[PDB]
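> Structure file my_file-v4.txt, compact mmCIF, C-alpha atoms and all ligand atoms, is pasted below:
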```txt
# COMPACT_ATOMS: atom_id res chain seq x y z
CA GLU A 32 -67.10 -298.62 -200.69
CA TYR A 33 -65.41 -295.41 -199.50
CA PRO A 34 -68.06 -292.71 -198.82
CA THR A 35 -68.29 -289.90 -201.40
CA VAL A 36 -70.38 -286.73 -201.13
CA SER A 37 -72.81 -289.29 -202.65
CA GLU A 38 -73.92 -291.05 -199.48
CA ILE A 39 -73.34 -288.07 -197.13
CA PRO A 40 -76.10 -285.46 -196.42
CA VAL A 41 -74.47 -282.09 -195.69
CA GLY A 42 -74.67 -282.06 -191.87
CA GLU A 43 -73.99 -285.81 -191.51
CA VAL A 44 -70.84 -287.87 -190.97
CA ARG A 45 -69.95 -291.40 -192.06
CA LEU A 46 -67.33 -293.68 -190.49
CA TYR A 47 -65.10 -296.09 -192.41
CA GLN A 48 -63.08 -298.95 -190.88
CA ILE A 49 -59.63 -298.85 -192.56
CA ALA A 50 -58.02 -301.51 -190.36
CA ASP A 51 -58.61 -303.08 -186.98
CA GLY A 52 -59.41 -300.27 -184.50
CA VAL A 53 -58.78 -297.50 -187.09
CA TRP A 54 -61.49 -295.55 -188.90
CA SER A 55 -61.72 -292.45 -191.01
CA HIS A 56 -64.58 -290.06 -190.39
CA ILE A 57 -66.01 -288.36 -193.46
CA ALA A 58 -68.03 -285.10 -193.49
CA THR A 59 -69.03 -282.59 -196.18
CA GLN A 60 -69.00 -278.82 -196.25
CA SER A 61 -70.07 -276.24 -198.81
CA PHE A 62 -67.62 -273.48 -199.71
CA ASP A 63 -67.80 -270.97 -202.58
CA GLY A 64 -70.70 -272.78 -204.29
CA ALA A 65 -69.09 -276.25 -204.33
CA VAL A 66 -69.31 -279.20 -201.92
CA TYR A 67 -66.09 -280.81 -200.59
CA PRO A 68 -65.63 -284.07 -198.57
CA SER A 69 -63.22 -284.07 -195.64
CA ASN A 70 -61.50 -286.83 -193.68
CA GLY A 71 -60.41 -287.22 -190.08
CA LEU A 72 -59.12 -290.27 -188.15
CA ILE A 73 -60.38 -292.30 -185.18
CA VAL A 74 -57.93 -294.60 -183.38
CA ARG A 75 -58.91 -297.05 -180.67
CA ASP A 76 -56.84 -296.47 -177.48
CA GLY A 77 -57.55 -299.43 -175.19
CA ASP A 78 -61.17 -298.87 -174.18
CA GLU A 79 -61.36 -295.25 -175.33
CA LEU A 80 -60.88 -293.39 -178.64
CA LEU A 81 -58.43 -290.83 -179.92
CA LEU A 82 -59.95 -288.47 -182.53
CA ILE A 83 -57.73 -286.81 -185.14
CA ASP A 84 -59.27 -283.56 -186.45
CA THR A 85 -62.81 -282.16 -186.14
CA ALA A 86 -65.47 -282.76 -188.76
CA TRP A 87 -65.13 -279.16 -190.05
CA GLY A 88 -67.47 -277.12 -187.87
CA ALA A 89 -69.66 -277.30 -184.75
CA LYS A 90 -72.69 -279.07 -186.31
CA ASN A 91 -70.60 -281.64 -188.21
CA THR A 92 -68.56 -282.32 -185.05
CA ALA A 93 -71.64 -282.87 -182.86
CA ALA A 94 -72.84 -285.26 -185.59
CA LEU A 95 -69.45 -286.98 -185.54
CA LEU A 96 -69.64 -287.62 -181.78
CA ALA A 97 -73.23 -288.89 -182.08
CA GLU A 98 -72.15 -291.24 -184.90
CA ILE A 99 -69.20 -292.49 -182.85
CA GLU A 100 -71.60 -293.07 -179.91
CA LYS A 101 -73.95 -295.00 -182.18
CA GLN A 102 -71.44 -297.11 -184.07
CA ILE A 103 -68.39 -297.67 -181.84
CA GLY A 104 -69.74 -296.79 -178.39
CA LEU A 105 -66.34 -296.09 -176.77
CA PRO A 106 -65.67 -292.63 -175.23
CA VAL A 107 -63.60 -290.07 -177.18
CA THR A 108 -61.10 -288.97 -174.54
CA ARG A 109 -58.58 -286.99 -176.57
CA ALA A 110 -58.51 -285.18 -179.90
CA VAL A 111 -55.61 -283.85 -181.94
CA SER A 112 -55.93 -281.14 -184.63
CA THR A 113 -53.31 -281.48 -187.37
CA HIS A 114 -53.19 -277.77 -188.34
CA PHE A 115 -54.82 -274.43 -187.45
CA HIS A 116 -57.41 -274.08 -190.24
CA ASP A 117 -61.15 -274.23 -189.58
CA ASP A 118 -61.59 -277.65 -191.18
CA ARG A 119 -59.36 -279.16 -188.49
CA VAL A 120 -60.15 -277.03 -185.40
CA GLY A 121 -63.69 -275.97 -186.24
CA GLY A 122 -65.73 -277.93 -183.71
CA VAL A 123 -63.11 -277.87 -180.96
CA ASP A 124 -65.54 -276.08 -178.59
CA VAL A 125 -68.09 -278.90 -179.13
CA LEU A 126 -65.48 -281.55 -178.32
CA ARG A 127 -64.46 -279.59 -175.20
CA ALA A 128 -68.12 -279.28 -174.09
CA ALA A 129 -68.46 -283.09 -174.43
CA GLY A 130 -65.40 -283.40 -172.17
CA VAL A 131 -62.83 -284.38 -174.80
CA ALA A 132 -59.28 -283.18 -174.10
CA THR A 133 -58.27 -281.16 -177.18
CA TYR A 134 -54.63 -281.02 -178.28
CA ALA A 135 -52.46 -279.23 -180.84
CA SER A 136 -48.84 -278.15 -181.16
CA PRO A 137 -47.95 -274.68 -179.72
CA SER A 138 -47.36 -273.69 -183.32
CA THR A 139 -50.91 -274.69 -184.32
CA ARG A 140 -52.35 -272.98 -181.19
CA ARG A 141 -50.52 -269.70 -181.90
CA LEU A 142 -51.69 -269.69 -185.53
CA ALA A 143 -55.32 -270.51 -184.64
CA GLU A 144 -55.24 -267.67 -182.12
CA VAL A 145 -53.89 -265.24 -184.74
CA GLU A 146 -56.51 -266.53 -187.19
CA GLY A 147 -59.34 -266.02 -184.70
CA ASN A 148 -60.14 -269.74 -184.88
CA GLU A 149 -61.05 -272.13 -182.10
CA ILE A 150 -57.95 -273.03 -180.07
CA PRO A 151 -57.39 -276.61 -178.79
CA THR A 152 -56.74 -276.53 -175.04
CA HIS A 153 -53.72 -278.82 -174.51
CA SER A 154 -50.28 -278.33 -176.08
CA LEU A 155 -48.20 -281.02 -177.76
CA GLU A 156 -44.50 -280.61 -176.93
CA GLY A 157 -41.47 -281.62 -178.99
CA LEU A 158 -42.88 -281.17 -182.50
CA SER A 159 -41.34 -277.76 -183.23
CA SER A 160 -38.52 -278.96 -185.48
CA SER A 161 -38.89 -280.62 -188.92
CA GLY A 162 -38.63 -284.37 -188.59
CA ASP A 163 -39.64 -284.40 -184.90
CA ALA A 164 -41.81 -287.38 -183.86
CA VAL A 165 -43.61 -288.00 -180.54
CA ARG A 166 -45.73 -290.86 -179.30
CA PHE A 167 -49.34 -290.10 -178.39
CA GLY A 168 -50.97 -293.27 -177.15
CA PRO A 169 -51.68 -295.57 -180.16
CA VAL A 170 -50.23 -293.13 -182.69
CA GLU A 171 -47.02 -291.37 -183.56
CA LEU A 172 -47.31 -287.65 -184.31
CA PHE A 173 -44.80 -286.33 -186.86
CA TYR A 174 -43.96 -282.79 -187.93
CA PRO A 175 -42.48 -283.09 -191.46
CA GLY A 176 -41.86 -279.38 -191.88
CA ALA A 177 -43.96 -276.72 -193.60
CA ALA A 178 -46.26 -277.87 -196.41
CA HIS A 179 -49.98 -277.13 -196.75
CA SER A 180 -49.31 -274.99 -193.69
CA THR A 181 -46.24 -274.23 -191.53
CA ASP A 182 -47.64 -276.17 -188.56
CA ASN A 183 -49.11 -279.24 -190.33
CA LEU A 184 -48.74 -282.61 -188.55
CA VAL A 185 -49.13 -286.15 -189.92
CA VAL A 186 -50.38 -289.12 -187.86
CA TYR A 187 -49.13 -292.71 -188.08
CA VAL A 188 -50.83 -295.76 -186.50
CA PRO A 189 -47.91 -298.23 -186.06
CA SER A 190 -50.20 -301.17 -185.24
CA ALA A 191 -52.18 -300.92 -188.51
CA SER A 192 -49.54 -299.10 -190.73
CA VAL A 193 -52.04 -296.29 -191.41
CA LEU A 194 -50.49 -292.93 -192.29
CA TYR A 195 -52.98 -290.06 -191.98
CA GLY A 196 -51.50 -287.22 -193.99
CA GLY A 197 -54.08 -284.55 -193.32
CA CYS A 198 -54.18 -281.68 -195.81
CA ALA A 199 -50.45 -282.00 -196.52
CA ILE A 200 -51.35 -285.05 -198.68
CA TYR A 201 -53.68 -284.83 -201.73
CA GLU A 202 -55.91 -287.63 -203.07
CA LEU A 203 -55.17 -288.88 -206.65
CA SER A 204 -58.31 -287.21 -208.04
CA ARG A 205 -56.93 -283.78 -207.05
CA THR A 206 -54.82 -282.84 -209.99
CA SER A 207 -54.17 -279.14 -209.19
CA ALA A 208 -53.22 -277.39 -205.92
CA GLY A 209 -56.12 -276.44 -203.65
CA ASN A 210 -56.18 -273.38 -201.41
CA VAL A 211 -52.46 -272.77 -200.84
CA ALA A 212 -52.72 -269.33 -199.22
CA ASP A 213 -50.91 -270.45 -196.06
CA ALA A 214 -48.67 -273.06 -197.73
CA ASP A 215 -44.90 -273.26 -197.95
CA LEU A 216 -44.66 -274.35 -201.57
CA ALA A 217 -40.85 -274.13 -201.42
CA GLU A 218 -40.63 -276.60 -198.50
CA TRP A 219 -43.58 -278.83 -199.33
CA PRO A 220 -41.68 -281.53 -201.42
CA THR A 221 -38.85 -281.69 -198.87
CA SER A 222 -41.48 -282.20 -196.14
CA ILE A 223 -43.12 -285.03 -198.10
CA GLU A 224 -39.67 -286.66 -198.48
CA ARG A 225 -39.31 -286.56 -194.67
CA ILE A 226 -42.68 -288.39 -194.48
CA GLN A 227 -41.44 -290.85 -197.10
CA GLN A 228 -38.14 -291.48 -195.29
CA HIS A 229 -39.89 -291.92 -191.92
CA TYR A 230 -42.82 -294.18 -192.84
CA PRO A 231 -41.71 -296.37 -195.83
CA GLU A 232 -43.81 -299.22 -194.37
CA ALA A 233 -47.15 -297.35 -194.47
CA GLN A 234 -49.71 -299.61 -196.14
CA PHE A 235 -52.62 -297.12 -196.12
CA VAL A 236 -52.40 -293.35 -196.73
CA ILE A 237 -55.39 -291.17 -195.90
CA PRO A 238 -55.47 -287.67 -197.55
CA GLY A 239 -57.17 -284.75 -195.78
CA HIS A 240 -59.86 -284.90 -198.47
CA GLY A 241 -60.97 -287.76 -200.71
CA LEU A 242 -60.11 -291.41 -201.35
CA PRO A 243 -57.46 -293.35 -199.35
CA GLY A 244 -54.62 -295.04 -201.14
CA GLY A 245 -51.00 -296.12 -200.74
CA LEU A 246 -47.65 -294.36 -200.42
CA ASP A 247 -47.98 -293.11 -204.01
CA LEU A 248 -50.23 -290.34 -202.73
CA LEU A 249 -46.97 -288.77 -201.46
CA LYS A 250 -45.35 -288.76 -204.91
CA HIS A 251 -48.67 -287.56 -206.40
CA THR A 252 -48.81 -284.58 -204.01
CA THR A 253 -45.18 -283.76 -204.88
CA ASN A 254 -46.11 -283.82 -208.57
CA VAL A 255 -49.11 -281.53 -208.07
CA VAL A 256 -47.22 -279.09 -205.80
CA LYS A 257 -44.36 -278.89 -208.34
CA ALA A 258 -46.71 -278.20 -211.27
CA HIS A 259 -48.35 -275.41 -209.25
CA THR A 260 -44.93 -274.02 -208.38
CA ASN A 261 -44.12 -273.85 -212.10
CA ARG A 262 -47.32 -272.03 -213.07
CA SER A 263 -46.80 -269.06 -215.42
ZN ZN A 301 -55.71 -275.96 -194.22
ZN ZN A 302 -57.72 -281.23 -170.11
ZN ZN A 303 -58.13 -279.62 -195.43
```
Go through the file and emit its structure as structure tokens.
Ligand SMILES: [Zn+2]
Ligand SMILES: [Zn+2]
Ligand SMILES: [Zn+2]

Amino acid sequence: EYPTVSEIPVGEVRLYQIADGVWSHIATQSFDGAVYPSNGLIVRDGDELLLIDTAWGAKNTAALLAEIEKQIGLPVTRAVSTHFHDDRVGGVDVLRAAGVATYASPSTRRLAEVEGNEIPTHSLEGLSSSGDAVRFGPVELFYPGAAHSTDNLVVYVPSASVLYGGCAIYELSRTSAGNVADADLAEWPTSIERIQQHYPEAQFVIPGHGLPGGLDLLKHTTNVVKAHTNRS
């Protein structure tokens, strides 16, 4: 029942209840002639909502807010972007305009700035060192070290045991490395091991793109990253 590019018109967003008061949001975007799905998270925070990641661009993100308004009807009060790339911060201006408080680590903010991307307003402290964790309302934010990017964060919902890996974690269908331009291939498996050692109880693992699964997505990503490292 998980939404594929099948039931998603490019420009539209679907929501998917993973567990009580946790959803993924799914959007699609064209790039280089192909169409890719993309996941974010929504976590209920008392009577408001915390959003993890934009829906990859201004139009998608305005559709995400409209689809939250239609289907959950609680205000989105804060948003966290898990790394600096456009698929996670693209739409930040739309969120801001709607009066959402936008957050990212200083590391993510610096990199977005250098990249010329949208820059979340508020800074998340105490995530600068590999293995650092901080509470952020109904989630824990965790910096595992460099992987898909040097600043990538993962999000864990302790109440539902949902680990949102962002783009640091690949779905099982992805059998080769994606865009790795900004990646730390050397540190990526070590970073995944930090995620493994910190959240062994995770029941649900949501990749940045594609189908949810269990903690074996971590091992899978390690396998794929290692094969790419060994290319010749
Ligand atoms: Zn990225
Ligand atoms: Zn503010
Ligand atoms: Zn991504």
> Set the cut-off to 7 Å, count all atoms listed in the file, and list whatever residues fall near ligand ZN 302 (chain A) as a compact mmCIF listing (two decimals) with C-alpha atoms, in the coordinates of the input.

```txt
# COMPACT_ATOMS: atom_id res chain seq x y z
CA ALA A 132 -59.28 -283.18 -174.10
CA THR A 152 -56.74 -276.53 -175.04
CA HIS A 153 -53.72 -278.82 -174.51
```
> Which distance in Å separates CA of residue 215 (chain A) and CA of residue 179 (chain A), to one decimal?
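Interatomic distance here is 6.5 Å.
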> A:185, A:44, A:145, A:58: which is nearest residue 118 (chain A), counting only C-alpha atoms?
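Selected residue with least distance to residue 118 (chain A): A:58.
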> Of the residues A:84, A:32, A:247, A:79, which is the one nearest to ligand ZN 303 (chain A), using all atoms listed in the file?
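That would be A:84, the residue with the smallest distance to ligand ZN 303 (chain A).
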> Residues contacting ligand ZN 301 (chain A) - anything with an atom at most 12 Å away, using all atoms listed in the file - can you give me those as a PyMOL selection string?
chain A and resi 69+84+87+112-121+139+142-143+146+177-184+197-201+209-215+239-240
> Dump C-alpha atoms for the selected residues as a PDB file, in the frame of the given file?

```
ATOM      1  CA  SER A  69     -63.220-284.070-195.640  1.00  0.00           C
ATOM      2  CA  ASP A  84     -59.270-283.560-186.450  1.00  0.00           C
ATOM      3  CA  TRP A  87     -65.130-279.160-190.050  1.00  0.00           C
ATOM      4  CA  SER A 112     -55.930-281.140-184.630  1.00  0.00           C
ATOM      5  CA  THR A 113     -53.310-281.480-187.370  1.00  0.00           C
ATOM      6  CA  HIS A 114     -53.190-277.770-188.340  1.00  0.00           C
ATOM      7  CA  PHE A 115     -54.820-274.430-187.450  1.00  0.00           C
ATOM      8  CA  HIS A 116     -57.410-274.080-190.240  1.00  0.00           C
ATOM      9  CA  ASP A 117     -61.150-274.230-189.580  1.00  0.00           C
ATOM     10  CA  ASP A 118     -61.590-277.650-191.180  1.00  0.00           C
ATOM     11  CA  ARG A 119     -59.360-279.160-188.490  1.00  0.00           C
ATOM     12  CA  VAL A 120     -60.150-277.030-185.400  1.00  0.00           C
ATOM     13  CA  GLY A 121     -63.690-275.970-186.240  1.00  0.00           C
ATOM     14  CA  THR A 139     -50.910-274.690-184.320  1.00  0.00           C
ATOM     15  CA  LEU A 142     -51.690-269.690-185.530  1.00  0.00           C
ATOM     16  CA  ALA A 143     -55.320-270.510-184.640  1.00  0.00           C
ATOM     17  CA  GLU A 146     -56.510-266.530-187.190  1.00  0.00           C
ATOM     18  CA  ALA A 177     -43.960-276.720-193.600  1.00  0.00           C
ATOM     19  CA  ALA A 178     -46.260-277.870-196.410  1.00  0.00           C
ATOM     20  CA  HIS A 179     -49.980-277.130-196.750  1.00  0.00           C
ATOM     21  CA  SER A 180     -49.310-274.990-193.690  1.00  0.00           C
ATOM     22  CA  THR A 181     -46.240-274.230-191.530  1.00  0.00           C
ATOM     23  CA  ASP A 182     -47.640-276.170-188.560  1.00  0.00           C
ATOM     24  CA  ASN A 183     -49.110-279.240-190.330  1.00  0.00           C
ATOM     25  CA  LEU A 184     -48.740-282.610-188.550  1.00  0.00           C
ATOM     26  CA  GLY A 197     -54.080-284.550-193.320  1.00  0.00           C
ATOM     27  CA  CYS A 198     -54.180-281.680-195.810  1.00  0.00           C
ATOM     28  CA  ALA A 199     -50.450-282.000-196.520  1.00  0.00           C
ATOM     29  CA  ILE A 200     -51.350-285.050-198.680  1.00  0.00           C
ATOM     30  CA  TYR A 201     -53.680-284.830-201.730  1.00  0.00           C
ATOM     31  CA  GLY A 209     -56.120-276.440-203.650  1.00  0.00           C
ATOM     32  CA  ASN A 210     -56.180-273.380-201.410  1.00  0.00           C
ATOM     33  CA  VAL A 211     -52.460-272.770-200.840  1.00  0.00           C
ATOM     34  CA  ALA A 212     -52.720-269.330-199.220  1.00  0.00           C
ATOM     35  CA  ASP A 213     -50.910-270.450-196.060  1.00  0.00           C
ATOM     36  CA  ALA A 214     -48.670-273.060-197.730  1.00  0.00           C
ATOM     37  CA  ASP A 215     -44.900-273.260-197.950  1.00  0.00           C
ATOM     38  CA  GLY A 239     -57.170-284.750-195.780  1.00  0.00           C
ATOM     39  CA  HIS A 240     -59.860-284.900-198.470  1.00  0.00           C
TER      40      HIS A 240
END
```
> Which residue out of A:128, A:150, A:36, A:226 has the minimum interatomic distance to residue 61 (chain A) when only C-alpha atoms are used?
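Nearest candidate to residue 61 (chain A) out of A:128, A:150, A:36, A:226: A:36.
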> What's the 9 Å shell around residue 255 (chain A), counting only C-alpha atoms, without same-chain residues fewer than 4 positions away, as JSON, numbers by chain?
{"A": [201, 205, 206, 207, 208, 250, 251, 259, 260]}
> Go through A:170, A:110, A:135, A:94 and flag the residue nearest residue 156 (chain A), using all atoms listed in the file for the distances.
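For residue 156 (chain A), the nearest of the given residues is A:135.
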> Please provide the set of residues having any atom within 8 Å of residue 188 (chain A), restricted to all atoms listed in the file, with same-chain residues fewer than 4 positions apart removed, written as a ChimeraX atom specification.
/A:74,169-171,192-194
> Could you put an axis-aligned box around every listed atom of region 83-88 of chain A, padded by 3 Å on each side, and send me its centre and edge lengths in Å to one decimal, as AutoDock Vina command-line options?

```
--center_x -62.6 --center_y -282.0 --center_z -187.6 --size_x 15.7 --size_y 15.7 --size_z 10.9
```
> Separation of CA of residue 90 (chain A) and CA of residue 237 (chain A), in Å?
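Separation of CA of residue 90 (chain A) and CA of residue 237 (chain A): 23.2 Å.
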> Taking into account only C-alpha atoms, which residue in the set A:123, A:57, A:41, A:46 is nearest to residue 241 (chain A)?
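The closest residue to residue 241 (chain A) is A:57.
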> Kindly give the distance, in Å, that separates CA of residue 56 (chain A) and CA of residue 72 (chain A), rounded to a single decimal.
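So the answer is 5.9 Å.
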> Under the rule that all atoms listed in the file are counted, which of A:64, A:42, A:220, A:157 is the nearest residue to residue 249 (chain A)?
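Of all the options, A:220 lies closest to residue 249 (chain A).
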> I want to know what sits within 7 Å of residue 80 (chain A), based on only C-alpha atoms, with residues of the same chain fewer than 5 positions away left out; could you give that as a PyMOL selection string?
chain A and resi 73-75+105-108
> Taking 4 positions as the minimum chain separation for residues in the same chain, which residues sit within 7 Å of residue 172 (chain A) when counting only C-alpha atoms? Answer as an mmCIF file with C-alpha atoms, in the coordinates of the input.

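Result file follows (out-v8.cif):
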```
data_model
loop_
_atom_site.group_PDB
_atom_site.id
_atom_site.type_symbol
_atom_site.label_atom_id
_atom_site.label_comp_id
_atom_site.auth_asym_id
_atom_site.auth_seq_id
_atom_site.Cartn_x
_atom_site.Cartn_y
_atom_site.Cartn_z
ATOM 1 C CA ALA A 164 -41.810 -287.380 -183.860
ATOM 2 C CA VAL A 165 -43.610 -288.000 -180.540
ATOM 3 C CA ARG A 166 -45.730 -290.860 -179.300
ATOM 4 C CA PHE A 167 -49.340 -290.100 -178.390
ATOM 5 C CA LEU A 184 -48.740 -282.610 -188.550
ATOM 6 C CA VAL A 185 -49.130 -286.150 -189.920
ATOM 7 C CA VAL A 186 -50.380 -289.120 -187.860
ATOM 8 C CA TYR A 187 -49.130 -292.710 -188.080
#
```
> Pick out the residues sitting within 9 Å of residue 221 (chain A), and hand them over as a PyMOL selection string; count only C-alpha atoms, and ignore anything fewer than 2 positions along from it in its own chain.
chain A and resi 175-178+217-219+223-226+253
> Please, can region 226-239 of chain A be completed to N, CA, C and O atoms and returned as an mmCIF file, keeping the file's coordinate frame?

```
data_model
loop_
_atom_site.group_PDB
_atom_site.id
_atom_site.type_symbol
_atom_site.label_atom_id
_atom_site.label_comp_id
_atom_site.auth_asym_id
_atom_site.auth_seq_id
_atom_site.Cartn_x
_atom_site.Cartn_y
_atom_site.Cartn_z
ATOM 1 N N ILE A 226 -41.610 -287.454 -194.796
ATOM 2 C CA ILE A 226 -42.680 -288.390 -194.480
ATOM 3 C C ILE A 226 -42.319 -289.727 -195.129
ATOM 4 O O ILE A 226 -42.489 -290.799 -194.540
ATOM 5 N N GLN A 227 -41.798 -289.647 -196.355
ATOM 6 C CA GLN A 227 -41.440 -290.850 -197.100
ATOM 7 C C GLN A 227 -40.351 -291.604 -196.339
ATOM 8 O O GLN A 227 -40.475 -292.806 -196.128
ATOM 9 N N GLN A 228 -39.308 -290.881 -195.917
ATOM 10 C CA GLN A 228 -38.140 -291.480 -195.290
ATOM 11 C C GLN A 228 -38.499 -292.007 -193.906
ATOM 12 O O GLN A 228 -37.805 -292.884 -193.415
ATOM 13 N N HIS A 229 -39.581 -291.514 -193.285
ATOM 14 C CA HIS A 229 -39.890 -291.920 -191.920
ATOM 15 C C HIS A 229 -40.901 -293.062 -191.866
ATOM 16 O O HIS A 229 -40.911 -293.840 -190.913
ATOM 17 N N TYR A 230 -41.748 -293.197 -192.882
ATOM 18 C CA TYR A 230 -42.820 -294.180 -192.840
ATOM 19 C C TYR A 230 -42.857 -295.011 -194.118
ATOM 20 O O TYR A 230 -43.910 -295.150 -194.721
ATOM 21 N N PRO A 231 -41.728 -295.606 -194.576
ATOM 22 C CA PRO A 231 -41.710 -296.370 -195.830
ATOM 23 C C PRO A 231 -42.585 -297.621 -195.816
ATOM 24 O O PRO A 231 -42.886 -298.174 -196.867
ATOM 25 N N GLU A 232 -43.073 -297.993 -194.624
ATOM 26 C CA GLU A 232 -43.810 -299.220 -194.370
ATOM 27 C C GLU A 232 -45.319 -298.984 -194.358
ATOM 28 O O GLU A 232 -46.083 -299.939 -194.298
ATOM 29 N N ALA A 233 -45.741 -297.709 -194.408
ATOM 30 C CA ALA A 233 -47.150 -297.350 -194.470
ATOM 31 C C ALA A 233 -47.839 -298.178 -195.550
ATOM 32 O O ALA A 233 -47.375 -298.235 -196.682
ATOM 33 N N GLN A 234 -48.961 -298.806 -195.197
ATOM 34 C CA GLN A 234 -49.710 -299.610 -196.140
ATOM 35 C C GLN A 234 -50.917 -298.811 -196.645
ATOM 36 O O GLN A 234 -51.371 -299.027 -197.759
ATOM 37 N N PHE A 235 -51.413 -297.873 -195.817
ATOM 38 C CA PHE A 235 -52.620 -297.120 -196.120
ATOM 39 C C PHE A 235 -52.329 -295.642 -195.866
ATOM 40 O O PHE A 235 -51.751 -295.302 -194.827
ATOM 41 N N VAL A 236 -52.675 -294.787 -196.836
ATOM 42 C CA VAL A 236 -52.400 -293.350 -196.730
ATOM 43 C C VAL A 236 -53.727 -292.617 -196.898
ATOM 44 O O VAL A 236 -54.462 -292.869 -197.847
ATOM 45 N N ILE A 237 -54.089 -291.806 -195.901
ATOM 46 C CA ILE A 237 -55.390 -291.170 -195.900
ATOM 47 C C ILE A 237 -55.131 -289.686 -196.134
ATOM 48 O O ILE A 237 -54.430 -289.097 -195.316
ATOM 49 N N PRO A 238 -55.646 -289.096 -197.252
ATOM 50 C CA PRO A 238 -55.470 -287.670 -197.550
ATOM 51 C C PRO A 238 -56.475 -286.871 -196.723
ATOM 52 O O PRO A 238 -57.435 -287.428 -196.189
ATOM 53 N N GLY A 239 -56.260 -285.558 -196.591
ATOM 54 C CA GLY A 239 -57.170 -284.750 -195.780
ATOM 55 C C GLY A 239 -58.563 -284.729 -196.382
ATOM 56 O O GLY A 239 -59.548 -284.432 -195.686
#
```
